[PDB]
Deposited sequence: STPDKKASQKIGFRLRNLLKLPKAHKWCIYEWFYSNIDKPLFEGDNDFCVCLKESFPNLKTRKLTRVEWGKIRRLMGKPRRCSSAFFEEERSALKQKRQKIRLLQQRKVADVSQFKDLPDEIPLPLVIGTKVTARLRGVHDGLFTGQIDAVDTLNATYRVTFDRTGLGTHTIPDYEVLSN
């Protein structure tokens, strides 16, 4: 009963104590406030689905059907290092686009936050926005010391 719950925790603690595994958890689920819109909406595939397959209302199809769709959309680029670089600086422009937008995009963040901190410490820790700074698009975060953090590494609440 509680023996089982405890054994589940032993398994969880063994993954999380490993720092590479620990950072994978950040990569998989941790999206800051400004990045959530950039990733949680429709992707280009879902956009193209909606626009060039307007009578397709289901989203549960077979590999073959999915294949017929992707062959209509043409061959993708190989995920080169150049490709990720072009995608990375597109992400930098999408961020500023969201930024100067300050109408269901996130509001600018005494807001309690979860922030990425590195070096000695290396988790996501809670704290307060001590100071906002639209200059370098950063926040001062005081942790439950004070650090200047990019906005794409700060999550509200």
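Several segments of the deposited sequence have no coordinates for C-alpha: 1-3, 106-119, 127-128, 164-167, numbered from the first residue.
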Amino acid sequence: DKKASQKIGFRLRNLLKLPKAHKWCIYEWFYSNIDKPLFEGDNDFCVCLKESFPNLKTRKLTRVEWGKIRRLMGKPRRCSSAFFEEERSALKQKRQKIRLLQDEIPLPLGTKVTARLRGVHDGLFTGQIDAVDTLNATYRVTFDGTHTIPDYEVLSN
From here on, numbers count along this sequence of modelled residues.
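Higher mean CA B-factor, judged across 119-127 and 86-94 from the recorded values: 119-127. Annotation for 26-34 versus 128-136: the higher mean temperature factor (C-alpha) is found in 128-136. Ranked by C-alpha B-factor against the other modelled residues of its chain, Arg59 falls in the lowest third.
Split the chain's modelled residues into thirds by C-alpha temperature factor. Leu18 is in the middle one. The entry lists a Cα temperature factor for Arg70 that places it in the lowest third of the chain's modelled residues. When all modelled residues of the chain are sorted by CA temperature factor, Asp44 is found within the lowest third.
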